[PDB]
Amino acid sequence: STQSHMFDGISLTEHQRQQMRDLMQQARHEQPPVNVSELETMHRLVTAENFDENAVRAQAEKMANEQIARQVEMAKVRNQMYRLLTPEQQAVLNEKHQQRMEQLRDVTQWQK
């Protein structure tokens, strides 16, 4: 899923938005477009009378081992978008990120 609102709280000259959106949808491209297949077999497994954990694990690992490519590509794009920014815009980015992290930890502790 897109990082957007990734440039929330950030703006971001208009040519910067041009260069951004072009191509940020290339980051909407090579996102994860699921199969009716993955979904059908997943469904069959989940709906089964007795559960086959090893099967579902197998299917998960396949799916992931797949996505990894996309993951990497979209990471590349993201990095480009990042490089297209000013150290202060960046500052704000890294701040947003760090916030997000803290939130995640708070949630970890609460659910611990």
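The numbering used is simple: start at 1 and walk along the sequence shown.
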On average, which has the higher Cα B-factor in the deposited entry, 86 to 94 or 11 to 19? 11 to 19
Is the mean CA B factor in the deposited entry higher across 54 to 62 or across 31 to 39? 31 to 39
Ranked by Cα temperature factor within the chain, is residue 70 in the lowest third, the middle third or the highest third? highest
Residue 99: CA B-factor among chain residues, third -> lowest
